[PDB]
Each structure stands twice: as structure tokens, then as C-alpha cells.
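S.K.: What follows is a structure written as C-alpha cells; I'll ask about it next.
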Amino acid sequence: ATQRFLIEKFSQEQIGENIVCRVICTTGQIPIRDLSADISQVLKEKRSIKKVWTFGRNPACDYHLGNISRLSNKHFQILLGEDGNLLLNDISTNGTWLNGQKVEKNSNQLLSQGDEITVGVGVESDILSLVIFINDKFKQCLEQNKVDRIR
Amino acid sequence: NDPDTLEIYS
């Protein structure tokens, strides 16, 4: 078999290529996206953050959401590094919220399991929520931090 | 072809 094999992968997709965390919109506005980072880089990098995602209505931003006035070009930024765990950074004009708690802009916060970021606060009808899903696979490798396989 | 940032109207 050859061509048929390619079809088999169509139904059975291999999830977890090198994903760090997943972003899911609970308010139903933006399509689910998956944040990823290279393990080799994370293992080699001892200082600073390995990789950070920028979210906003800008097509540049690592994450693209609905073009909302309450949101900024780069509404928020997510960073993964340090001795494990993940960090959430806000970069919006109108502010970024975490589970109803407004965090300090351009500030790093300790990620939470299935956490959620709210944005567009100020107008009851202009708030958007986002949920972050962290895969245990990434943490599993970080715990071992040992290389013994190709790709 | 232009952004738009604000902080609610009041």
C-alpha cells in the first residue's frame, strides 16, 4: 500500500507533535488553535523564555481572533519556559483578565490547568473569554528532559 | 487597512 496509507492518517491524526498548550474559545468566536514549541530548544535554553505566543486581531500575532474594538492588535501574549510550568502575559489596551481577575499588563503569571483569559472588559456586551488547555505530554518530556529519539 | 484600539465609551 502507498496512497491508501495517506488516507489512513486522514481519519487517525497523530496529535502531540510538539505542542505546548492549546487555546480554545468558550464564548464561541475564534477557532481552536494549538501552541507549540521545540523540545530541543527548551532543553538547550536555560535562560529567558523558550517561546511566546502573541494573540490579537493582527494577522501577525501568533493567534488571530475576531476583529474587536475592545481588543488590541496584540491583545495578549503567552510564554513557556523557566523550570517547567507555563506563563501567561497580557498585552492588551483594554486589559486582559484571568478567571474574572484582572492581571497586570505585560506581566508574567503562573499558568493554570484549563485556565481561562477574559478580554474586552468595560462593557458587559464587549467581553470575550478564552480557555487554555495544557497537554500533559509536554510536561512528561520536560520532566525527563532527556533525549533518546529522533523527531 | 487600519487597526482600532479603545477603552469603552462613557
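Numbering starts fresh at 1 for the residues of each chain in the C-alpha cells, the chains themselves are lettered A, B, ... in the order given, and ligands are numbered from 1 as they appear.
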Would you give me, as a PyMOL selection string, the residues of chain A that come within 6 Å of chain B, using only C-alpha atoms?
M.R.: chain A and resi 69-70+72+94+122
S.K.: As a VMD selection string, please: every residue in chain A that a backbone DSSP assignment puts in helix (DSSP H, G or I).
M.R.: chain A and resid 3 to 11 39 to 44 136 to 144
S.K.: Write out, as a tab-separated table (two decimals), in the first residue's frame, the residues just selected, with C-alpha atoms.
M.R.:
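As a result, result38.tsv now contains:
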chain	number	residue	atom	x	y	z
A	3	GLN	CA	-1.70	6.12	-1.43
A	4	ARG	CA	-4.13	4.28	0.85
A	5	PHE	CA	-1.75	4.81	3.77
A	6	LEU	CA	-2.01	8.58	3.34
A	7	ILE	CA	-5.78	8.25	3.68
A	8	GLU	CA	-5.48	6.25	6.89
A	9	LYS	CA	-3.81	9.25	8.53
A	10	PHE	CA	-6.78	11.34	7.37
A	11	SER	CA	-9.06	9.74	9.95
A	39	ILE	CA	11.72	20.43	22.97
A	40	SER	CA	15.34	20.64	21.83
A	41	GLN	CA	15.19	24.41	22.17
A	42	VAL	CA	13.55	24.27	25.59
A	43	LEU	CA	16.15	21.78	26.83
A	44	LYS	CA	19.04	23.83	25.44
A	136	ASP	CA	0.37	16.54	29.84
A	137	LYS	CA	2.55	15.16	27.04
A	138	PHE	CA	4.69	18.30	27.01
A	139	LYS	CA	5.14	18.15	30.79
A	140	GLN	CA	6.07	14.47	30.57
A	141	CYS	CA	9.07	15.19	28.35
A	142	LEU	CA	10.09	18.25	30.38
A	143	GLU	CA	10.19	16.04	33.47
A	144	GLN	CA	12.64	13.64	31.82
S.K.: What is the distance, in Å and to one decimal place, between CA of residue 103 (chain A) and CA of residue 34 (chain A)?
M.R.: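 Separating CA of residue 103 (chain A) from CA of residue 34 (chain A) is a distance of 23.1 Å.
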S.K.: Can you measure CA of residue 38 (chain A) to CA of residue 99 (chain A) for me? One decimal in Å is fine.
M.R.: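 Computing the Euclidean distance for CA of residue 38 (chain A) and CA of residue 99 (chain A) yields 28.7 Å.
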S.K.: One decimal, Å: what's the distance from CA of residue 131 (chain A) over to CA of residue 24 (chain A), could you say?
M.R.: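 Between CA of residue 131 (chain A) and CA of residue 24 (chain A) the gap is 5.0 Å.
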S.K.: Give me, as a PyMOL selection string, all polymer residues having an atom no more than 6 Å from region 18-20 of chain A, counting only C-alpha atoms and skipping those fewer than 2 positions away in the same chain.
M.R.: chain A and resi 16+35-37+138
S.K.: Those residues with C-alpha atoms, as a PDB file, in the first residue's frame please?
M.R.:
ATOM      1  CA  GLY A  16       1.032  15.943  20.032  1.00  0.00           C
ATOM      2  CA  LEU A  35       0.542  26.459  20.675  1.00  0.00           C
ATOM      3  CA  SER A  36       3.783  24.529  20.228  1.00  0.00           C
ATOM      4  CA  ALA A  37       7.459  24.728  20.994  1.00  0.00           C
ATOM      5  CA  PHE A 138       4.688  18.299  27.012  1.00  0.00           C
TER       6      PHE A 138
END
S.K.: Neighbours of residue 104 (chain A) within 10 Å (only C-alpha atoms; same-chain residues fewer than 2 positions away dropped), as a PyMOL selection string?
M.R.: chain A and resi 89-91+95-97+101-102+106-109
S.K.: Do a neighbour search on residue 71 (chain A) at 8 Å with only C-alpha atoms, toss out local chain neighbours closer than 4 positions, and write the hits as a list in words.
M.R.: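 Here the answer would be residues 56, 57, 67, 75, 92, 93, 94, 119 and 120 of chain A; 5 and 6 of chain B.
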